[PDB]
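Novice: Starting off with a structure, shown below.
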Amino acid sequence: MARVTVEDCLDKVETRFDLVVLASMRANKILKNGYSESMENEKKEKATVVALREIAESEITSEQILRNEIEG
Amino acid sequence: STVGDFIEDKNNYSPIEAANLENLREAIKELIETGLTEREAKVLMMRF
Amino acid sequence: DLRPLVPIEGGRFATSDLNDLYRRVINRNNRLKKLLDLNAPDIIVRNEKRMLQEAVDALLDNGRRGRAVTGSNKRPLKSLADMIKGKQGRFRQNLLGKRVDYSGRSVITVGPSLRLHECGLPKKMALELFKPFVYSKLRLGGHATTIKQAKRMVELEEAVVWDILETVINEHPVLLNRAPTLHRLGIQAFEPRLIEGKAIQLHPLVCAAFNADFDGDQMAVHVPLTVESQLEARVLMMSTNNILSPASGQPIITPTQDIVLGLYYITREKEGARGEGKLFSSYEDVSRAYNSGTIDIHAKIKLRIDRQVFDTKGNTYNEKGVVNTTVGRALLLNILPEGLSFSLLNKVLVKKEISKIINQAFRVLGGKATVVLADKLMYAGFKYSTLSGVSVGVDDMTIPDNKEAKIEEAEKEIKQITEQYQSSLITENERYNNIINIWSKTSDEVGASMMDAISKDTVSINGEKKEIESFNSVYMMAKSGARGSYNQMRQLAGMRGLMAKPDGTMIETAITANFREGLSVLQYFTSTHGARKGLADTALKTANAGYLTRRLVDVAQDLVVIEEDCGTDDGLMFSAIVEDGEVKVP
Amino acid sequence: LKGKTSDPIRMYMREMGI
Amino acid sequence: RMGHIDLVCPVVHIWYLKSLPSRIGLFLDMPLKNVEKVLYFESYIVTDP
Amino acid sequence: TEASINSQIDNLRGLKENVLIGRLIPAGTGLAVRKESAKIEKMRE
Amino acid sequence: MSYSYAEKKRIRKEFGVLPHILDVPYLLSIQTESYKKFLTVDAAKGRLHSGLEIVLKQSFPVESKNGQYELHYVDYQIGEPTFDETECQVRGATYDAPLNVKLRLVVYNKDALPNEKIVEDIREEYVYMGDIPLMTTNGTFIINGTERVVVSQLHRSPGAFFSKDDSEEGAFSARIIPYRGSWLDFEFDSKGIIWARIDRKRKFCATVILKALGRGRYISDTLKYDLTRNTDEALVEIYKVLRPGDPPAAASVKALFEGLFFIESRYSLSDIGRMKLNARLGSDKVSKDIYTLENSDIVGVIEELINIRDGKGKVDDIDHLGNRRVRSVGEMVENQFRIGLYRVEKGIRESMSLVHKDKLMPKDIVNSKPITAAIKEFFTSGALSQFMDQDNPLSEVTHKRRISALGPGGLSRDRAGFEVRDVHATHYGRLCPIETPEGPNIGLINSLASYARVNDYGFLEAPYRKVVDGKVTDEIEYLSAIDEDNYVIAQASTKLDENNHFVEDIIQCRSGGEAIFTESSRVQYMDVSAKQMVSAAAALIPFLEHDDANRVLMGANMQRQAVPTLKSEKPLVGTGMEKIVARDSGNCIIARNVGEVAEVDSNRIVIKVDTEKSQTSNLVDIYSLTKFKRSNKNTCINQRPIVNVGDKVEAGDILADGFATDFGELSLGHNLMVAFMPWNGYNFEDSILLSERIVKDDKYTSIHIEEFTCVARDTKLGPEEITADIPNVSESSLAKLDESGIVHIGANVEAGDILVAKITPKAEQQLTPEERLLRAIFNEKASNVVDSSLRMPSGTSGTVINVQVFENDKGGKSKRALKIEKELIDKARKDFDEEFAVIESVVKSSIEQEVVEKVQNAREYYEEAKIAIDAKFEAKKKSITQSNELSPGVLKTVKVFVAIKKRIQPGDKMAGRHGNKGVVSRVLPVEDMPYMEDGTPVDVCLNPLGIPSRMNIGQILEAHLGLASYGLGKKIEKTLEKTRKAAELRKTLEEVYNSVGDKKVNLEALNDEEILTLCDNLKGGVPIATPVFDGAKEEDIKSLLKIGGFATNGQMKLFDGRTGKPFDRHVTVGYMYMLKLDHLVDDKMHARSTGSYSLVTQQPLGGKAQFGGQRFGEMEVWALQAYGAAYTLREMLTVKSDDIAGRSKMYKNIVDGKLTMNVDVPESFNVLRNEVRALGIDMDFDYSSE
DNA sequence: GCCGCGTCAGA
DNA sequence: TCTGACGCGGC
Ligand SMILES: [Mg+2]
């Protein structure tokens, strides 16, 4: 547990299950966008945690997240 | 235990024996793509 | 290929029992057809037509009606139906079984330096479980181009391999599991970090959940692979989520064995000590002082504190002033996070209060506050539990002084009971029962004596001799709930007492000696009976509780909370469950 | 006699030596 | 990819006979041992009334 | 042998069946999915 | 106190008070003597007939069919083992002995008894019979070159047993238990009916048998209840029960019944059932010699049944040791012999119905196979013949004294409970009530008590001293298990007064089997010693009487998995019993005759014997040492000589102690100055802290001897080859290979190098187009062969010590084969020739020294030495030209031997003798451990919280005594670091030894050189012996501590190693002998990524032998359910185990590095739908719209 | 309409 | 061993 934890994220999204699915969708999106240009993943963290950080800092507002699936 | 759990599958391709193949099945499929304009490609495909 | 005939070593083959039953039904059918052809007499027609039915029934499931057929080795053959039933069958063996891949297992050791979400991992098992991830990262890294390349470069353990491995697992949690898995805390997720050696290390505060101790137990370790999985392990399965027990809200990560000894030790008091009654402004003052070596850590001092405190109703009022504390307790002032009142630390700190601290912390301050607090509590309890050098000699077990005469009275009364019997003046069973009570009560007395003989020590302190609570080792090991109980102390310093022959009917001779004094041959023999009985009774249970929990899991395996409200308005009537002598549950 | 005995060998020997 | 075997004379599926209660028995409304006798070539039974 | 007679149908509808056949069991994150994905329809429709 | 050679080297100060009545008998008697009764005779013991000949006696007069054919037994002769013990192991064979007997056949005209068989067939010969496996001197068998042990067996006795399954009243019963056959019974009812059954049956009234013979009321309560009428109705009714649906006959059942209980080869009681029934009924008027049942006997049975039904009698106890007996190997093999003889004689009565010969000889008749093919099978597959667990010399003795209740004729692991798993008051002197397993076996293994024995009938007796009118005599008898019920027996500590009269009046003793106080007037026996109650491996625990029982159980079960180490170190706190175990197991070399050392070196020992004080002898005998011989657990065995050139030794001394011994004392561990203080968490629960001086000094380091073996077969594509010629292999990986395909002897092989290089041919390529192209680019030819060599598995290392190679049969070997075999048998024969030559040189030196008569005395001993040299040089070629029958199909095989030292490391498992254990948790640098004020540091830091809760106090007292011994060591050192004289050293030694204790070692009996050996050997410490219940008491330990110059505690002041500031609260320290257990960490690590799969189910393997795959069993599924962790449960069941597509798919996704998952359906479910479809059931997927 | 005696199914 | 659910026969 480097910096951010579930106790943080649980304030915006709820039930701690929706968290899992929403973060998984977001991390999949961030993964398939070719973020793997390989000069960054050796200086920072896996997207699986990048998504959690993004949800904790309240940047994405998961109400928005789903609207990126219709962007699929 | 019993003998009936020491016999193992021997006539298949373990997921490693079948991963060192596509790494070659696709390799030459690109190697040739830096050769002839088109001709020798057609010829090697047809003749092999 | 579901009943193979594969050849194996020794130039031999391994048929399946089904091949034989098939090879029998077939040629019996064949002979039957040949007979029907040749127009044989009806007797042998009957015999064939019956032999055929027998072989068919054997093939389906032999043993339903007869004396099921056997092969040369004389085993009852494994018929068709006998493959999809029984614990070794097909349903609960390979459909809920599935020896999986990406796994390993080794011996556990302690590692008291980690944090509550980490675990040691021998670099060998790490190299093995993550191998394909390593391959991918090498290929993409441009240090190998084929797969045979990477496989040939990992076989020889290049130096870059270790670096790339370490960066692979930066935040890739694993699972850990201990074999008899009784409750969901039997499986939790940690974050590895490379270690040398060949044994898993795990934070001690969790060895209560896994119900583990380090006399040889071995743990398994599985890896998650996907993006959903290795995020589900992070959010729903990491040790920092499992503080309270699902069975009951009580916490599960409280300090246990000698983390409690050190705390209880440095949180006591002493009357005449050095530096007594001094004055200190803040914690750093007490630290500077105590490291200088003038004060005794059990001294009474006065500290002036000032910090916020959270009220029940979400308030947060300020608290200040001067409080009469002890040099020891102030040393714990640093770890208490801002938000809790000092009134928690300002006592003697036996286990039942450490748990209180942790519960209180969780319910008001959060969840992360609690894991950090338990971190510091362990980090400190370990420190001060070795600067105190607690140990155990044999003179720390003190036999009470009035033992011989307290035994003499009892044996004299016994002679008197034997007298009342010998002249037929009293019956037998009543003599037996009263002898039992005699020995029981006297043993109780001699046991209760050593409590005062070991928990009190008088000393002619300046002015006079007054009794004070002892600093004995074996008394502290059990007045702090660390490890022990009054009964063991009894059997060490007092006397064993009554040993029940296999049934439970007590023996009419009690054991007068004790372990510090040793026993005679007969006295040991009398005890081995109950020893073996109680030892055997566990092994002949270990399968029963599992049986009952299996049944129960079946009964209710499909109860899921699915909807917010069911709308109804009917329930039950609850009331404190009196038992004519007490409430026993409010 | 015809007394529920299952194993066929007897049910054949009986009639056999009749 | 299964196969099959041709049976000259029909043969009773053991399960539906010795499963307690015997579905064959419950159907024909007869006690089992009476059936097994017929099956074991120990009697006859009127098929044509 | 009893269910064989009645031509018994068995809707999966449970926890110890989606495991015999490898499906997201109808609990835990399974219902979370069946909720969130269902909430996509009402948008893309 | 020396009185002997070894103790003279390092005396063991002793404690206790009690005098030594009777030495402990030979340990392995139960296992050895149970064989001489079966193979030999002695008239003194009354054993006139070797049981083998007795079993032969009961078969041979058969006289097949009136053909004037007689069959009579005459004699028997046992051959000689073609290979002795140490050879039938190396060759891979079975120590064997052929059996041959003598038969006479006689005939005449053979008309209608017209001098039928009187005139002909005057000849006889010694027909071959079979093979008999002999046992070595120590009670083991070498079966296919694998030392095996046949544990004894405990089983119910044959006789009459009355009980009452009291879920009723008066529900009595009876049993007539036969030695072999079918067992009757006679049960009652609620009303009083006497039923009867034969081992299982319809419950027919007991009067049926009485008809089958033809206040006493119950007969009338029964006679009028059965409809049977007369004699034959009884038999025709019984015959229905035995064979239902079988139409009876006239002259058939008359054979059935009278063969059910009345055929001497169908039912018997064998001298025991007869005696136990006679004494039960008193009726001597029945011949105690005929073992078949009898009518008088059965009416006695029923009479006693109703008699007890009245109230005049007593039911029996099925667990009382007088009703269960021991049956060792020498009886099991006899039984198998009996079965084989049955078979062969049944075949004999038919090998006469093919007469075609003239003057038939009595040899063509006899057959052999069904005898050996039964004996051998019992020896090679029985449940009661397992590998000898060969951890260390205690393991051997324990396994040889074990006494199971499982196997043919006994119980089962789940067909018993709560009764046969308890200590009956009769267990006392017979089975140790502390030493058992701990799994599901607890209570069925019951190692044997030390002084125990076995009477001629198989009951376990025990010794005792009589008393005669209040004065304890010194006679000793062996009181049985039953007579003991009646007397009253004291215990070995109750003191006496100068005339053996009980000083106390009211004492403790066992009167009615149970314990009670009573008065000295009513006692009849006192025990022979104190350790009489406990096993031979419990007696190795100092201060046993200050410990619990659940804890001592583990303390005993553990110290027999202890692993021996490099340099044996005697315990410093023993019990004077390690002198006995090791001596009483054939790991040491006890001198046969008294003499002087001739010439000793680390391969053999030579002893010339002064014949003046010894019986007729040979003036020289030899002992051959055993260096680095393997053992079942891969542990190194080697003896090391003790003696020096020219030393006086005696008969019964230690020449060269061997396996895990030291000066003749069983030593399994080391001694570690150990503290007791929680250090920093690094000994939190039960962990242990070590000190890195232990490691650097080779303290806990073992030698494990692995052994691989490769074989070459003849497959249907051709012969495979082990030649060092395989393409795709450089000369670098081949560099360590010799010119023959086999590794050198000395090359330190690595983790994954070639040991023997092999190749096997293949075919059917039809290679892929791309493989075709790439062959066609580099001109890459496709080789038809593939190599399958032999390589050390990963994670191992070491070197090579022996390379056995076995060639082919019936084929003239080539140069590097035939010449090499001749050269090897030569390096055997010429070297042994120099060996026997040095032996003859010694004999000739002793003869020329004694020339002043060798003219005739030993003019033939060398004639016998050369005879055996030739016997061995021929047996070195009397093999099958390839050393074995080769199990046809096998061309060549090779054995490889690899050895590797191992040092202790975080993860191993140590355990003291007192039931405490733990896992080594870390290793700290020298300067970190706490250290006494002097400067010496402390090795181990155990944890104090353990001891009180689990009351294994005795460990503490062991640490106190150890500290004392270590003080006494430093004292002698100080006195010896100056003035290496002898007289004043006798003074300081008197001070150390005779100060405390009443034993007075009498140090006057040593010279000024032996004292300088002793004081030298005593520098490390002074050994102490505290017997098991005669122990040394606290104040003695304390006086010793004072003498040493320490506190009258164990406690002392310590200093941290990271600061120097002392700890408060003085800490305990001591010595505390410690062991390492055979649960190393090198063989439990076992990770796995991807490997083979199961044939019938497509799932990973399991066990770390192949490649494992950790069981994710059923209970771990509920866990992931409760979490609601759907995903991680799903792909834990398809992608990881048995989704054929998904496996490769995911393993591809990883190496590439994208995201995707496909989870269609597992394979085991398709297998299930098949298996159910292979019945008339149609399971199938479908769709639904309603 | 029931007092005893079976088989089967899990330990 | 048992513990019972479930029998299916003597009366
Ligand atoms: Mg454990």
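Naming works like this for the structure tokens: A, B, ... for the chains as they're shown, residue 1 at the start of each chain, ligands 1 onward in shown order.
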Taking only C-alpha atoms (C1' of nucleotides) and all ligand atoms into account, report as a PyMOL selection string which residues have an atom no farther than 8 Å from an atom of ligand 1.
Specialist: chain C and resi 212-217
Novice: Since we have the selection now, will you write its residues out, keeping C-alpha atoms, as a tab-separated table (two decimals), in the first residue's frame?
Specialist:
chain	number	residue	atom	x	y	z
C	212	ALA	CA	-0.17	-20.03	12.70
C	213	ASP	CA	2.92	-20.47	14.82
C	214	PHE	CA	6.48	-20.97	13.72
C	215	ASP	CA	7.14	-24.57	14.71
C	216	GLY	CA	7.08	-25.74	11.12
C	217	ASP	CA	3.79	-24.70	9.54
Novice: Using only C-alpha atoms (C1' of nucleotides), which residues sit within 10 Å of range 12-29 of chain E once same-chain residues fewer than 4 positions away are excluded, as an NGL selection string?
Specialist: (:C and (53-54 or 56-62 or 64-65 or 81)) or (:E and (33-36 or 39)) or (:F and (1-2 or 5)) or (:G and (1175-1176)) or (:H and (7-8)) or (:I and (6-7))
Novice: So that I can see what lies close to residue 5 in chain A, please list as a compact mmCIF listing (two decimals) with N, CA and C atoms, in the first residue's frame the residues with an atom at most 12 Å from it, counting only C-alpha atoms (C1' of nucleotides) and leaving out residues fewer than 3 positions away in the same chain.
Specialist:
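Final output, saved to out-v9.txt:
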# COMPACT_ATOMS: atom_id res chain seq x y z
N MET A 1 0.83 -1.19 0.00
CA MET A 1 0.00 0.00 0.00
C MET A 1 0.87 1.24 0.00
N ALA A 2 1.26 1.69 -1.19
CA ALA A 2 2.22 2.78 -1.28
C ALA A 2 1.63 4.08 -0.76
N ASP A 8 -9.64 5.77 1.32
CA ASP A 8 -9.74 7.03 0.61
C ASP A 8 -10.84 6.98 -0.44
N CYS A 9 -10.74 6.03 -1.37
CA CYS A 9 -11.66 6.00 -2.50
C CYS A 9 -13.10 5.84 -2.07
N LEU A 10 -13.34 5.14 -0.96
CA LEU A 10 -14.71 4.83 -0.56
C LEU A 10 -15.53 6.05 -0.21
N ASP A 11 -14.96 7.25 -0.26
CA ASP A 11 -15.75 8.43 0.07
C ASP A 11 -16.58 8.91 -1.11
N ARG A 16 -17.92 -0.30 -2.17
CA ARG A 16 -16.61 -0.96 -2.18
C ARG A 16 -16.55 -2.07 -3.22
N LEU A 19 -16.57 0.13 -6.63
CA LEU A 19 -15.19 0.57 -6.77
C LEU A 19 -14.41 -0.39 -7.64
N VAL A 49 -3.19 0.96 -10.24
CA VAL A 49 -3.18 1.81 -9.06
C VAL A 49 -3.33 3.25 -9.51
N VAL A 50 -2.90 3.54 -10.74
CA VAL A 50 -3.13 4.86 -11.31
C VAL A 50 -4.62 5.16 -11.33
N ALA A 51 -5.42 4.16 -11.67
CA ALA A 51 -6.87 4.35 -11.68
C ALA A 51 -7.40 4.65 -10.29
N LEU A 52 -6.90 3.94 -9.28
CA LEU A 52 -7.34 4.20 -7.91
C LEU A 52 -6.98 5.61 -7.48
N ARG A 53 -5.75 6.02 -7.77
CA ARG A 53 -5.35 7.39 -7.47
C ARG A 53 -6.28 8.38 -8.17
N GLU A 54 -6.61 8.12 -9.43
CA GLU A 54 -7.47 9.02 -10.17
C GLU A 54 -8.85 9.12 -9.55
N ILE A 55 -9.35 8.02 -9.02
CA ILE A 55 -10.66 8.04 -8.39
C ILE A 55 -10.60 8.70 -7.01
N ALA A 56 -9.47 8.58 -6.32
CA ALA A 56 -9.35 9.18 -4.99
C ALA A 56 -9.29 10.70 -5.08
N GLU A 57 -8.41 11.22 -5.93
CA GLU A 57 -8.32 12.66 -6.12
C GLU A 57 -9.57 13.26 -6.73
N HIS C 117 1.25 -4.81 5.65
CA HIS C 117 0.83 -5.19 4.31
C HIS C 117 2.00 -5.69 3.50
N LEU C 231 -6.82 -6.34 -8.87
CA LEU C 231 -7.40 -5.18 -8.22
C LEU C 231 -8.44 -5.57 -7.19
N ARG C 234 -6.56 -6.28 -4.20
CA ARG C 234 -6.14 -5.06 -3.53
C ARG C 234 -7.27 -4.45 -2.73
N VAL C 235 -8.48 -4.43 -3.27
CA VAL C 235 -9.54 -3.68 -2.62
C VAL C 235 -10.27 -4.51 -1.58
N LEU C 236 -10.44 -5.81 -1.79
CA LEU C 236 -11.26 -6.61 -0.89
C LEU C 236 -10.48 -7.61 -0.07
N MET C 238 -6.79 -7.18 1.13
CA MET C 238 -5.49 -6.85 1.69
C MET C 238 -5.59 -6.74 3.20
N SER C 239 -4.52 -7.16 3.87
CA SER C 239 -4.55 -7.32 5.32
C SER C 239 -5.02 -6.05 6.02
N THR C 240 -4.81 -4.90 5.41
CA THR C 240 -5.25 -3.67 6.06
C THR C 240 -6.74 -3.43 5.94
N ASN C 241 -7.50 -4.35 5.36
CA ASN C 241 -8.95 -4.23 5.38
C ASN C 241 -9.58 -5.09 6.46
N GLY C 367 -9.83 3.83 9.68
CA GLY C 367 -9.24 2.51 9.59
C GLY C 367 -7.73 2.56 9.49
N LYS C 368 -7.22 3.49 8.68
CA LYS C 368 -5.77 3.59 8.52
C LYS C 368 -5.10 4.01 9.82
Novice: Tell me which protein, DNA and RNA residues are within 8 Å of residue 270 in chain C, counting only C-alpha atoms (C1' of nucleotides), leaving out same-chain ones fewer than 6 positions away, and put them as an mmCIF file with C-alpha atoms, in the first residue's frame.
Specialist:
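What ended up in part02.cif:
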data_model
loop_
_atom_site.group_PDB
_atom_site.id
_atom_site.type_symbol
_atom_site.label_atom_id
_atom_site.label_comp_id
_atom_site.auth_asym_id
_atom_site.auth_seq_id
_atom_site.Cartn_x
_atom_site.Cartn_y
_atom_site.Cartn_z
ATOM 1 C CA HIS C 298 8.641 3.047 36.761
ATOM 2 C CA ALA C 299 8.860 6.399 38.537
ATOM 3 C CA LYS C 300 5.959 8.796 39.063
#
Novice: If you run DSSP over the backbone, which residues in chain B end up helix (DSSP H, G or I)? Put them as a short mmCIF file (atom, residue, chain, number, x, y, z; two decimals) with N, CA and C atoms, in the first residue's frame.
Specialist:
data_model
loop_
_atom_site.label_atom_id
_atom_site.label_comp_id
_atom_site.auth_asym_id
_atom_site.auth_seq_id
_atom_site.Cartn_x
_atom_site.Cartn_y
_atom_site.Cartn_z
N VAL B 3 -0.90 -45.38 -9.02
CA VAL B 3 -0.22 -45.20 -10.30
C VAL B 3 -1.03 -44.29 -11.21
N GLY B 4 -2.35 -44.29 -11.05
CA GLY B 4 -3.21 -43.53 -11.93
C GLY B 4 -3.15 -42.03 -11.73
N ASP B 5 -2.11 -41.54 -11.07
CA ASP B 5 -1.88 -40.11 -11.07
C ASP B 5 -0.40 -39.79 -11.20
N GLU B 22 4.47 -19.45 -32.44
CA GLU B 22 3.95 -18.20 -32.99
C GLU B 22 5.01 -17.12 -32.99
N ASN B 23 5.95 -17.18 -32.06
CA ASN B 23 7.09 -16.27 -32.12
C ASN B 23 7.93 -16.51 -33.35
N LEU B 24 7.77 -17.66 -34.01
CA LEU B 24 8.41 -17.93 -35.29
C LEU B 24 7.42 -17.91 -36.45
N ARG B 25 6.21 -18.43 -36.24
CA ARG B 25 5.18 -18.38 -37.27
C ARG B 25 4.94 -16.96 -37.76
N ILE B 28 8.97 -14.89 -39.57
CA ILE B 28 9.29 -14.89 -40.99
C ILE B 28 8.19 -14.22 -41.80
N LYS B 29 6.95 -14.27 -41.32
CA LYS B 29 5.87 -13.54 -41.96
C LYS B 29 6.16 -12.05 -42.02
N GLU B 30 7.12 -11.57 -41.25
CA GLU B 30 7.62 -10.20 -41.36
C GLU B 30 8.98 -10.12 -42.02
N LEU B 31 9.88 -11.05 -41.68
CA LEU B 31 11.17 -11.11 -42.35
C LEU B 31 11.02 -10.97 -43.85
N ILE B 32 10.09 -11.73 -44.44
CA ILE B 32 9.90 -11.64 -45.88
C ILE B 32 9.39 -10.27 -46.27
N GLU B 33 8.70 -9.58 -45.38
CA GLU B 33 8.14 -8.28 -45.74
C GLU B 33 9.19 -7.20 -45.86
N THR B 34 10.47 -7.54 -45.73
CA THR B 34 11.57 -6.64 -46.01
C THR B 34 12.51 -7.27 -47.03
N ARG B 39 7.79 -10.04 -55.59
CA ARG B 39 7.84 -11.27 -56.38
C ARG B 39 8.35 -12.44 -55.56
N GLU B 40 9.58 -12.35 -55.07
CA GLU B 40 10.15 -13.48 -54.35
C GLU B 40 9.29 -13.87 -53.16
N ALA B 41 8.53 -12.93 -52.61
CA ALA B 41 7.55 -13.29 -51.60
C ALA B 41 6.52 -14.25 -52.16
N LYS B 42 5.88 -13.88 -53.27
CA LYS B 42 4.93 -14.77 -53.90
C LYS B 42 5.56 -16.12 -54.17
N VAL B 43 6.80 -16.12 -54.64
CA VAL B 43 7.42 -17.37 -55.05
C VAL B 43 7.70 -18.26 -53.85
N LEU B 44 8.22 -17.70 -52.76
CA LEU B 44 8.48 -18.50 -51.57
C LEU B 44 7.20 -19.00 -50.94
N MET B 45 6.15 -18.18 -50.93
CA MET B 45 4.87 -18.65 -50.43
C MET B 45 4.36 -19.81 -51.27
N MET B 46 4.31 -19.64 -52.59
CA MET B 46 3.74 -20.68 -53.44
C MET B 46 4.57 -21.95 -53.39
N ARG B 47 5.89 -21.82 -53.34
CA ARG B 47 6.76 -22.98 -53.48
C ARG B 47 7.08 -23.64 -52.15
#
Novice: Would you write out, as a Markdown table, a table of all residues in chain A that have an atom no more than 12 Å from an atom of chain C, listing for each the closest atom pair and the distance in Å to one decimal, considering only C-alpha atoms and ordering rows by chain and rising residue number?
Specialist:
| residue | atom | partner | partner_atom | distance |
| --- | --- | --- | --- | --- |
| A:1 | CA | C:117 | CA | 6.8 |
| A:2 | CA | C:171 | CA | 8.1 |
| A:3 | CA | C:171 | CA | 11.0 |
| A:4 | CA | C:368 | CA | 10.5 |
| A:5 | CA | C:235 | CA | 8.0 |
| A:6 | CA | C:235 | CA | 6.0 |
| A:7 | CA | C:367 | CA | 7.1 |
| A:8 | CA | C:368 | CA | 9.5 |
| A:9 | CA | C:235 | CA | 9.9 |
| A:10 | CA | C:235 | CA | 10.2 |
| A:15 | CA | C:236 | CA | 11.1 |
| A:16 | CA | C:235 | CA | 7.6 |
| A:17 | CA | C:236 | CA | 8.3 |
| A:18 | CA | C:235 | CA | 10.8 |
| A:19 | CA | C:235 | CA | 8.2 |
| A:20 | CA | C:232 | CA | 6.1 |
| A:21 | CA | C:228 | CA | 7.4 |
| A:22 | CA | C:228 | CA | 9.8 |
| A:23 | CA | C:231 | CA | 8.1 |
| A:24 | CA | C:228 | CA | 5.4 |
| A:25 | CA | C:228 | CA | 8.5 |
| A:26 | CA | C:227 | CA | 10.3 |
| A:27 | CA | C:227 | CA | 7.5 |
| A:28 | CA | C:227 | CA | 7.4 |
| A:29 | CA | C:227 | CA | 11.1 |
| A:30 | CA | C:227 | CA | 11.4 |
| A:31 | CA | C:227 | CA | 9.7 |
| A:32 | CA | C:227 | CA | 11.9 |
| A:36 | CA | C:140 | CA | 10.0 |
| A:37 | CA | C:140 | CA | 9.9 |
| A:38 | CA | C:140 | CA | 7.9 |
| A:39 | CA | C:141 | CA | 9.8 |
| A:41 | CA | C:167 | CA | 9.3 |
| A:42 | CA | C:167 | CA | 7.1 |
| A:43 | CA | C:167 | CA | 9.2 |
| A:44 | CA | C:170 | CA | 9.4 |
| A:45 | CA | C:171 | CA | 7.3 |
| A:46 | CA | C:171 | CA | 7.2 |
| A:47 | CA | C:227 | CA | 9.1 |
| A:48 | CA | C:231 | CA | 6.6 |
| A:49 | CA | C:171 | CA | 8.1 |
| A:50 | CA | C:171 | CA | 11.0 |
| A:51 | CA | C:231 | CA | 10.2 |
| A:52 | CA | C:231 | CA | 9.4 |
Novice: Between CA of residue 266 in chain G and CA of residue 208 in chain G, what is the spacing in Å?
Specialist: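 Taking CA of residue 208 in chain G and CA of residue 266 in chain G, their separation equals 21.6 Å.
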Novice: Kindly determine which residues of chain D lie within 6 Å of chain G, considering only C-alpha atoms, and give the answer as a list in words.
Specialist: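 So the contacting residues turn out to be residues 1, 3 and 5 of chain D.
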Novice: Hey, can you spit out that residue selection with C-alpha atoms as a PDB file, in the first residue's frame?
Specialist:
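As a result, part04.pdb now contains:
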ATOM      1  CA  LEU D   1     -34.613 -73.906  -4.215  1.00  0.00           C
ATOM      2  CA  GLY D   3     -34.734 -68.688  -2.857  1.00  0.00           C
ATOM      3  CA  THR D   5     -29.828 -66.550  -4.398  1.00  0.00           C
TER       4      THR D   5
END
Novice: Report as CSV the residues of chain B within 10 Å of chain C, each with its shortest atom pair and distance in Å (one decimal), using only C-alpha atoms, ordered by chain and increasing residue number.
Specialist:
residue,atom,partner,partner_atom,distance
B:3,CA,C:14,CA,8.3
B:4,CA,C:14,CA,8.0
B:6,CA,C:8,CA,9.5
B:7,CA,C:8,CA,7.3
B:8,CA,C:6,CA,9.1
B:9,CA,C:6,CA,9.4
B:10,CA,C:6,CA,9.6
B:16,CA,C:147,CA,9.3
B:19,CA,C:147,CA,8.2
B:20,CA,C:147,CA,6.2
B:21,CA,C:147,CA,9.5
B:23,CA,C:146,CA,7.0
B:24,CA,C:146,CA,8.6
B:27,CA,C:146,CA,9.5
